[PDB]
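Novice: coords please:
(chains A, B and C, ligands or ions: 6)
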Amino acid sequence: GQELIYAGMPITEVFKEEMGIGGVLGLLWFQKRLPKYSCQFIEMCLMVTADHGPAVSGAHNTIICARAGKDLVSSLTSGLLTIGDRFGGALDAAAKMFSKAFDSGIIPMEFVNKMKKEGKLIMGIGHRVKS
Amino acid sequence: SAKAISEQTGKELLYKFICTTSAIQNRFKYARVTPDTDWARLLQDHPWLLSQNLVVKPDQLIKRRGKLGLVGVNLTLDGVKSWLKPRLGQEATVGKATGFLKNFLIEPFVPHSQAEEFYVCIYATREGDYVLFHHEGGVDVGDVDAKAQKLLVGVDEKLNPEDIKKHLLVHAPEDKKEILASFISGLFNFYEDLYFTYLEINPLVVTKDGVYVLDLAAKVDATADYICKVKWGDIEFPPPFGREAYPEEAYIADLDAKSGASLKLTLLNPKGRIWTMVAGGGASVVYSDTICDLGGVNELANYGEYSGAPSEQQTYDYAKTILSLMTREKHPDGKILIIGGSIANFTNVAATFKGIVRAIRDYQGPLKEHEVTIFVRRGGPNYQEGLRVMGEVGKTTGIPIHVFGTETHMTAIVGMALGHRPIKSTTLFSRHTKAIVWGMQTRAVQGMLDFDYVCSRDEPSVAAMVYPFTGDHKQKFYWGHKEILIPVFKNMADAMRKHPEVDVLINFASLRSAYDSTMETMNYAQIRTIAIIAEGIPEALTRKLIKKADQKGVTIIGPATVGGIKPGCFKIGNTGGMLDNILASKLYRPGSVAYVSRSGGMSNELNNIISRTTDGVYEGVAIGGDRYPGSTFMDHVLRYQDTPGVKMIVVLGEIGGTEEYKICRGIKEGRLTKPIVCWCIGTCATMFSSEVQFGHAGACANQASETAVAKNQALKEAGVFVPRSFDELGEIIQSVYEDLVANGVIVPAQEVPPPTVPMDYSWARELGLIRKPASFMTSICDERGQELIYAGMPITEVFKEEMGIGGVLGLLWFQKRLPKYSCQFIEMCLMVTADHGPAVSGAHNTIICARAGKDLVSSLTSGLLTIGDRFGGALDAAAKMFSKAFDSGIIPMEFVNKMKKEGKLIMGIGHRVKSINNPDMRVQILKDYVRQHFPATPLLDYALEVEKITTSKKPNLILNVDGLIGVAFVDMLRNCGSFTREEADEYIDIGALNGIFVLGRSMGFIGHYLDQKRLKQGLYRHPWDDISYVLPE
Amino acid sequence: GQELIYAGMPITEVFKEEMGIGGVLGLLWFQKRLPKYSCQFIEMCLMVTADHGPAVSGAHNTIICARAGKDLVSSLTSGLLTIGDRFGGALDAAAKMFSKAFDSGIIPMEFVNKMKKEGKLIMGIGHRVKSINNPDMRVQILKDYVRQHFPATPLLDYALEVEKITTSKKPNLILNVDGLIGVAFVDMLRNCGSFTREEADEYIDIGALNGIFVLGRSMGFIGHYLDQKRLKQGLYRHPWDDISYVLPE
Ligand SMILES: CC(C)(COP(=O)(O)OP(=O)(O)OC[C@H]1O[C@@H](n2cnc3c(N)ncnc32)[C@H](O)[C@@H]1OP(=O)(O)O)[C@@H](O)C(=O)NCCC(=O)NCCS
Ligand SMILES: CC(C)(COP(=O)(O)OP(=O)(O)OC[C@H]1O[C@@H](n2cnc3c(N)ncnc32)[C@H](O)[C@@H]1OP(=O)(O)O)[C@@H](O)C(=O)NCCC(=O)NCCS
Ligand SMILES: CC(C)(COP(=O)(O)OP(=O)(O)OC[C@H]1O[C@@H](n2cnc3c(N)ncnc32)[C@H](O)[C@@H]1OP(=O)(O)O)[C@@H](O)C(=O)NCCC(=O)NCCS
Ligand SMILES: Nc1ncnc2c1ncn2[C@@H]1O[C@H](COP(=O)(O)OP(=O)(O)O)[C@@H](O)[C@H]1O
Ligand SMILES: [Mg+2]
Ligand SMILES: [Mg+2]
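Specialist: Numbering: from 1, shown residues only, chains lettered A, B, ... in the order given. Ligands and ions are numbered 1, 2, ... in the order given. The coordinates are given below.
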């Protein structure tokens, strides 16, 4: 077009309506004009997940790669490719687990015990130091 | 179709599987004798042959053997051998059939009285299976239908044993009723379980000792093979007495059995000069009728058909069989090949004709030697291209081929070749009909939509598709020039629920699952009409479909049909084909003529004929070719009688069954008042010496009344407009029509032009009307062909030439057939670069990745992405640096000093531990191979001179493996003789050397991934004590 | 060390013993000195999987990427990342499927019917053009090799029985190259005598078969990258007339 359109909304309208990164993500991922608290929450998640030091599987790989004299894209992707199972997968895993448990109609205690019997740990539960 | 089995086959099955309280005697006591019998072995296997007297008779589907002196009764083995001496191998003429007596059965003689002989018969009909019994059995029973007690076991009914005693055994001796009732009960269950359609035991003997099955004649429903294979085993279906069995027939039968397509071949006269290769069960019979009407009966070599969209390969295998058969011996007047057919509904004429053309090319020498002339007539999908390739093969081979299309009357080529001429619910569909299509049939759906658009329908006729193998999704289609979406459902229940407007289902399920999916459809009350496409559904299953449909008021069109068409309203699947044919035959608007045919191909020929002779088709239905059509000729004729828009009816009948007589009855009763035109195909069968099963499963006359000749006569007598032959059908339709216009019965509507649909891109390019530029360009591999090609070399040749990995790389990377030493050197490089431990950047990243629980590709690429500069780059760097220096003309010492001045180190020089006196083995291995096999190594020589200098500074400044591979690879490209300097230089520049490292090391990295997984290594996190955190304040 | 060691074997010994690429792969992937027929068969697989034209998901991506002026590694990996499910996954899928079916003890007919009921198609069965009477040459090359050199082929034997069934429905439901490599590789791991059942099963599971395809096809992909560079091919932009834009209102 004569203007860039994000999920039916023109780029000028996107700015005029003060959508923000959260709002833009709403259009491009979900094709929705989300409530402003929802946009703000998305932005908030992107901020707390921004980084967690250079020791983690992904950061380490990017660093190695950067240090092996590679480009931004190569270095970034080399790190991103670790994201998925044992690294960064927990968000999806936790959401899926709890959603299943909830929707199954089992009470939290039944769920806790079900996991123990099945020999599974709860995703999204536990911390190395935080009490 | 129902096929006869030998007496031995039937008895073996009976003895194996019958379940009765009755003690059946002489179980498996039979011995088969042929002219090749090893009597010593026969006697070893059948010692009972010496235990009592015997009976001997041929087992060749010969009826009334006793009356022919062909049953030798109460003989010793010596007597049997003497009886066989003048008979075994002898020719015999039984009626109009003449064959050789080559297969006999020997069984124990069963002494009994004439009073101990009984007659039992079970046979299938639409309404169920009749069970016949007579107490006066044997070689003199006479008319069993009139005499014998008869009992109908309904379609899903069970045979009540009390009914056997009550209705059937009325005249049976009292002391034998219990045993007969038990046997008959078991016999019926056997008949059902093994899919018999006819089972006669005459005589059945019952003595003080038990039950004896003296004779057995039977037919099984051969279409039930997929069910009964296990029980039947390698069941053999013999040719009728008088005909021989040929291996070419068995070959075609095996092809037929392995596909939805229909492939049929029966040899009538291998030495005949008239051969046919016609598409369709209907058209093939019409062409045979025409040939016989023109006096060619004695010279007609075969009867056969191909239909149901066979592939190019299937058509090739079919055609090569015919061509081989017609070039066995020369005929003085040469030979003729008739390649005909209707205007096809969906068979791809180009694909099938390309198969035939390939066979013609392969047999061109013999065809010319045998003076073969070919005549072609065909219409249907891509027929234009089909006709072109036929014409072209004639030109290139010099074989005379005369090619015709839709403008030539179907059977006209026969006269040319022979020198006679020079060269329930009344309304099923409306303009509102919505259908569900079962099966992934996107082409048929698009064809329906193209028809709907030109018919000026408000909405598409297909509301949804059901396909159980995929998940629910939407499929793209075209409504004019507009792209639309049609939903596809995994489950039928979802499609029905979401589309309550649907009252029609078109079932494209294969024969294997059509029964269950049709029964499933009938659980949805919304569905009032079901079209069943599949050919080959067992008759017993179709009867169950009929029972349920009748009780639910559902109209079934099919099985074994293309469907039907209602101009202006609705088109069933492929019926009527593509837009070109819909427009040509004016199928976009209704006329006044309604028709019904068994044949799909012929229904589209009727569309053509009717469009040319009248105001056009009002509605047409193809009932299908099966013995029990879901809806009959009468069912549709009555709908047409009750449809005011219909002014005349056309019926294309067929040999087999007595359906057409219902029309005679309806006229006589005054129910049918509209003019009816009818022609029954299959008049040729009357002239054949043995029974012939035509293409349609139902096209076989089991009684005199079922012949086409008989039916045509009866219809003509009843007042139906019957032509002299199929050739005069068009003439009679036009005559009836013209009389109806004259009498003001019909008022032809003024013609309105229909909506215009764009040509699909596909056809447009094919006819070269448009040109569209390719966005891409490749030169290394071609997968489009009959074989995979790597840079001009076919995959088989790659293997034949023992190219190896190195050779394949030469092809795909350089598009060159490299010298074997060069290939081997490449393989050598991949081997030395395979791995170098887990400590290096890439291996480390792959390992971290595999430990982070990732897949092989993610883990491998995570490590590959470290390749390039500081890691893995040295091969390219060394090659480039040394090549530049060499080519500049500077001597090695000048180069060493230049680099020092420029503040650069020499790439490919240096090692942490390997000294000049302590060499790197990888370097040695390669250096030695290179020196021993390469014709020239100028750059390696230069590099070794540089090494001489550097090692005199520090002993570890040796030429390392990256330098050695780098310069040797340059020497290979430059001096192997496959590349110009320009080419060699380009390949180095574009990074072929980086490719070597990457490809080589990928093996090590995948190795590490597998290792970490097998070593069950947990998530890695780098220790904090190895990280200096220098953050702001 | 003073010498490079591949799974306990020094690099000179590797060359001296004429191990070849197949032999090297034996050591690095499985840590086994495989029979020479097994090595040669591996090399053969890597050759038939080398390439299959520029139309396939992966090749296309590599080409686009090369044309967008990127490096060998970026272009290769951009293509490799498509390998896995609907592209190149079939070898693993077929091997796993047939191995399960075989080991379950169900006869080929039971298996064929089980799949139909479960609403699943057989992985490694079917071809767009190759018929039972018009064979896939890659399948021929390998089938013939294996029949000649594999001492035992139980799973291939089972698969060919399943092929017998499927081809008698529709003639193009042949055992394709992904099915043929899949089952032959299983037969190799199980019957070459270098692996315990447990070992053979672990290797299939951890996706050694995906490795074969990835490694093999990497040659074709690098081939394409080089080709595009040499063909001095410009930046690609997909044409708008091939895209249906179904945006909200
Ligand atoms: C008992 C003891 C040895 C180990 O227990 P611990 O470390 O506290 O607990 P565990 O490691 O067994 O884990 C506790 C529970 O959390 C559960 N759990 C852990 N992580 C979980 C997760 N992410 N999701 C769900 N459940 C989780 C475990 O399944 C376990 O369940 P259970 O108690 O129902 O079996 C320890 O508590 C102890 O030393 N106690 C002192 C006893 C003492 O004084 N001894 C006498 C010396 S004189
Ligand atoms: C002088 C000394 C300190 C360091 O020198 P070194 O390690 O031999 O040499 P360098 O590290 O400087 O490298 C040697 C040369 O190889 C060159 N070089 C290194 N790697 C190279 C490569 N890959 N390609 C090309 N040139 C390379 C360097 O440019 C250098 O060149 P130059 O000699 O012309 O300057 C060391 O030799 C020494 O300790 N000597 C003993 C002196 C002694 O006994 N002192 C008295 C104590 S009482
Ligand atoms: C029936 C027909 C419409 C569609 O059938 P088709 O294309 O041969 O077969 P399908 O698309 O349904 O697939 C055939 C079988 O292969 C199976 N199959 C396909 N790919 C498979 C795979 N990869 N693994 C396993 N099974 C597979 C399907 O499950 C199906 O099984 P089923 O037959 O047991 O249901 C078609 O054969 C036809 O047109 N036949 C001619 C009938 C005729 O002449 N009609 C009368 C006109 S007058
Ligand atoms: N094994 C046998 N023992 C005694 N009589 C037999 C035996 N086989 C046949 N018969 C007699 O021979 C007659 C003719 O043979 P049959 O099998 O009925 O042939 P067809 O019906 O062709 O004439 C039978 O009706 C029966 O009387
Ligand atoms: Mg008899
Ligand atoms: Mg047919």
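Novice: give me every residue that touches residue A:12.
Specialist: Contact analysis of residue A:12 by C-beta atoms under 8 Å, 6 or more residues apart in numbering or on different chains lists residue A:3. To be clear about C-beta, it is placed using only N, CA and C from the backbone, and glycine gets the same treatment.
Novice: that one: what secondary structure?
Specialist: Three-state assignment for residue A:12 (DSSP: H, G, I helix; E, B strand; the rest coil): helix.
Novice: what does chain A put close to chain C?
Specialist: Proximity of chain A to chain C (C-beta under 8 Å from any C-beta of the partner chain) is limited to residues A:5, A:7, A:8, A:31, A:73, A:74, A:77.
Novice: top of these by number of neighbours, please.
Specialist: In terms of neighbours by other C-beta atoms under 10 Å in any protein chain shown, the residues of chain A next to chain C top out with residue A:74 at 25 neighbours.
Novice: helix or strand: which one has that residue?
Specialist: Secondary structure assignment for residue A:74, by DSSP states H and E: helix A:72-80.
Novice: do that helix and chain B come into contact?
Specialist: Yes - residues of helix A:72-80 are located near chain B by C-beta under 8 Å from any C-beta, namely A:74, A:75, A:77, A:78, A:79.
Novice: just stretch A:94-104 next, same as before
Specialist: No - Stretch A:94-104 is not in contact with chain B by C-beta under 8 Å from any C-beta; minimum separation 15.8 Å.
Novice: contacts for that stretch next, please.
Specialist: Identification of contacts with stretch A:94-104 by C-beta under 8 Å, 6+ apart yields A:111, A:114, A:122, A:123, A:124.
Novice: most widely separated two among the residues you listed?
Specialist: Spanning the widest gap among these are A:114 and A:124, at 15.7 Å by C-beta to C-beta.
Novice: following element in sequence after the helix holding residue A:74, please.
Specialist: Per DSSP H and E, helix A:72-80 leads on to helix A:90-104 as the next helix or strand towards the C-terminus.
Novice: and ligand 1, is that following helix touching that?
Specialist: No - judged by C-beta under 6 Å from any ligand atom, helix A:90-104 and ligand 1 are separated, with a smallest distance of 10.0 Å.
Novice: which parts of that helix are buried?
Specialist: By neighbour count with 16 or more other C-beta atoms under 10 Å in any protein chain shown, helix A:90-104 contains the buried residues A:97, A:98, A:101.
Novice: do the same with stretch A:76-88
Specialist: For stretch A:76-88, the neighbour count (16+ other C-beta under 10 Å) marks A:76-88 as buried.
Novice: nearest spatial neighbour of residue A:85, chain-adjacent residues omitted?
Specialist: Nearest non-adjacent residue to residue A:85, counting by C-beta to C-beta, 6 or more residues apart in numbering or on different chains: residue B:853, 3.1 Å away.
Novice: quick check: phi and psi on the one you found?
Specialist: For residue B:853, the backbone dihedrals (degrees, to the nearest 10) come out as phi 70, psi 30.
Novice: picking that back up, which of the contacts of stretch A:94-104 are buried?
Specialist: For these, a neighbour count by 16+ other C-beta under 10 Å gives the buried set as A:111, A:123.
Novice: nearest to ligand 3 among the contacts of stretch A:94-104?
Specialist: Ligand 3 lies nearest to residue A:123 out of the contacts of stretch A:94-104, by C-beta to the nearest ligand atom, at 36.3 Å.
Novice: could you double-check that that closest one sits in contact with residue A:85?
Specialist: No - in this structure residue A:123 lies outside contact range of residue A:85 using C-beta atoms under 8 Å: 11.8 Å.
Novice: neighbours around whichever residue of chain A sits closest to ligand 2, how many?
Specialist: As assessed by C-beta to the nearest ligand atom, ligand 2 sits closest to residue A:69 within chain A, at 17.4 Å. Burial measure for residue A:69: 15 neighbouring residues, criterion other C-beta under 10 Å.
Novice: can you pull the contacts of it?
Specialist: Per C-beta under 8 Å, 6+ apart, neighbours of residue A:69: B:868, B:869, B:870, B:871.
Novice: same thing but 10 Å
Specialist: With contact set as C-beta atoms under 10 Å, 6 or more residues apart in numbering or on different chains, residue A:69 has these partners: A:75, B:841, B:866, B:868, B:869, B:870, B:871, B:873.
Novice: so which residue is smack in the middle of chain A?
Specialist: By C-alpha atoms, centre = their mean, chain A has its centre lying nearest to residue A:91, at 6.5 Å.
Novice: dump the residue contacts of that one.
Specialist: By C-beta under 10 Å, 6+ apart, the residues touching residue A:91 are A:45, A:49, A:123, A:124.
Novice: how much space between it and ligand 4?
Specialist: Counting by C-beta to the nearest ligand atom, to the nearest Å, the separation of residue A:91 from ligand 4 is 82 Å.
Novice: ok and the residue in chain A nearest chain C?
Specialist: Closest to chain C within chain A is residue A:8: 3.8 Å, counting by C-beta to the nearest C-beta.
Novice: so that residue makes contact with residue A:31?
Specialist: Yes - using C-beta atoms under 10 Å, residue A:8 is in contact with residue A:31, at 7.4 Å.
Novice: I figured residue A:57 hits residue A:87, correct?
Specialist: Yes - if you go by C-beta under 10 Å, residue A:57 and residue A:87 touch, sitting 4.3 Å apart.
Novice: circling back: farthest-separated two in the residues of chain A next to chain C?
Specialist: Using C-beta to C-beta, the residues of chain A next to chain C span at most 35.5 Å, a distance reached by A:8 and A:74.
Novice: next, the buried residues of stretch A:52-59.
Specialist: Using 16+ other C-beta under 10 Å as the test for burial, stretch A:52-59 gives A:56, A:57, A:58, A:59.
Novice: same question, stretch A:123-131
Specialist: Those would be residue A:123, for stretch A:123-131 by 16+ other C-beta under 10 Å.
Novice: and that stretch, how far from the chain's centre?
Specialist: From the chain centre to the centre of stretch A:123-131 is a distance of 18 Å (C-alpha atoms, centre = their mean, to the nearest Å).
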